[PDB]
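Per the entry's author numbering: the sequence shown = residues 4 to 147.
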Amino acid sequence: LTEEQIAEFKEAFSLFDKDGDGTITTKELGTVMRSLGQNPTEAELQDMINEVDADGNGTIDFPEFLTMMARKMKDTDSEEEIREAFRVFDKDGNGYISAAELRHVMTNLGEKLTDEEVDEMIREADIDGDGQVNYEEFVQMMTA
Ligand SMILES: Clc1ccc(C(c2ccc(Cl)cc2)[n+]2ccn(C[C@H](OCc3ccc(Cl)cc3Cl)c3ccc(Cl)cc3Cl)c2)cc1
Ligand SMILES: Clc1ccc(C(c2ccc(Cl)cc2)[n+]2ccn(C[C@H](OCc3ccc(Cl)cc3Cl)c3ccc(Cl)cc3Cl)c2)cc1
Ligand SMILES: [Ca+2]
Ligand SMILES: [Ca+2]
Ligand SMILES: [Ca+2]
Ligand SMILES: [Ca+2]
Numbered sequence: 004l005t006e007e008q009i010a011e012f013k014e015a016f017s018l019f020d021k022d023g024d025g026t027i028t029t030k031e032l033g034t035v036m037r038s039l040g041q042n043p044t045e046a047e048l049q050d051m052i053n054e055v056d057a058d059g060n061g062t063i064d065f066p067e068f069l070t071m072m073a074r075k076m077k078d079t080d081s082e083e084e085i086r087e088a089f090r091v092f093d094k095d096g097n098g099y100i101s102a103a104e105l106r107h108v109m110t111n112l113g114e115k116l117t118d119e120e121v122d123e124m125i126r127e128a129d130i131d132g133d134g135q136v137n138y139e140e141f142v143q144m145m146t147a
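Take a look at the structure:
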């Protein structure tokens with residue numbers, strides 16, 4: 004386990020934890036999912052959270068979030084949701100996520116990232132070196 008993998012999980016947690024209180028609620032999960040073209044019901048949001056909510060408190064904290072990711076890395080069923088996430092980042096549908104597309108999507112998600120931070124994200128996910136993130140590279144970024 005490296006500092007960087009922790010920092011990537013932390014970056015992902017803060018994207019869902021909109022108010023920074025340390026827990027992800029159904030409302031925060033719901034607003035992030037709608038920003039990615041989804042429309043989950045109140046019942047689906049509660050069921051999604053209950054699957055990963057180890058205690059009964061109804062919200063996801065940082066350890067639960069990490070356990071959620073470790074289970075999903077062992078269970079290779081969630082390809083569909085990664086494909087659906089790819090569709091939102093790849094705005095023009097050409098098979099590549101450009102830095103401009105990532106910048107636009109992160110700004111939509113209420114994220115104040117510098118242009119260098121956006122570039123860093125593209126470069127870290129980029130495997131072939133073309134300066135863009137194709138589907139295969141997006142999968143590897145999501146699943147490690
Ligand atoms: Cl060991 C390990 C470490 C990290 C990951 C993933 C990840 C993906 C989704 C979730 Cl819910 C949690 C973690 N990961 C890689 C990078 N980022 C930060 C990343 O941001 C970097 C990024 C790079 C390239 C591209 Cl094209 C998009 C993004 Cl968002 C990001 C990805 C997905 C979401 Cl929903 C939120 C975030 Cl902040 C997280 C997986 C395994
Ligand atoms: Cl943007 C996004 C975020 C997560 C996923 C997948 C996933 C699956 C395997 C691996 Cl190794 C990495 C990621 N995943 C992980 C967890 N959930 C369940 C649920 O996913 C909801 C979801 C579905 C589709 C899309 Cl496009 C986005 C989301 Cl957030 C969820 C996500 C985040 C939190 Cl904080 C809590 C939950 Cl319960 C899905 C796909 C797209
Ligand atoms: Ca919160
Ligand atoms: Ca909890
Ligand atoms: Ca594109
Ligand atoms: Ca590439």
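Just so you know, even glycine gets a beta-carbon here, dropped at the ideal spot from N, CA and C.
> What is the DSSP secondary structure of residue 27, counted as helix, strand or coil?
Replying inline: The answer is strand: DSSP assigns residue 27 an E or B state.
> Rounded to a whole number of angstroms, what is the C-alpha to C-alpha distance between residue 77 and residue 90?
Replying inline: If you take the alpha carbons of residue 77 and residue 90, they lie about 24 Å apart.
> Identify the residues that DSSP records as bridge partners of residue 99: which are they?
Replying inline: Partner(s): 137.
> So, using beta-carbon positions, are residue 16 and residue 68 closer together than 7 Å?
Replying inline: In this structure, residue 16 sits near residue 68, with a CB-CB distance shorter than 7 Å.
>> Does the beta-carbon of residue 62, which I'm using as the reference point, lie nearer than 6 Å to any heavy atom of ligand 4?
In response: True, at least one ligand heavy atom lies under 6 Å from that Cβ.
>> Going by beta-carbon coordinates alone, are residue 12 and residue 35 separated by less than 7 Å?
In response: No. Outside cutoff.
> If residue 85 sits next to residue 93, beta carbons under 8 Å apart, how far is it from one beta carbon to the other, in whole angstroms?
Replying inline: Wrong, their Cβ atoms sit about 12 Å apart, outside the cutoff.
>> Taking only three categories from DSSP, how would you classify residue 64?
In response: For residue 64, the three-state secondary structure derived from DSSP is strand.
>> Quick check: what's the CA-CA separation for residue 136 versus residue 83?
In response: About 18 Å.
>> Which residue marks the beginning of the alpha helix (DSSP H) containing residue 53, and which one marks its end?
In response: First-last of the alpha helix (DSSP H) with residue 53: 45-55.
>> Please report the straight-line C-alpha distance between residue 61 and residue 133, rounded to a whole angstrom.
In response: Approximately 43 Å between the Cα atoms of the pair.
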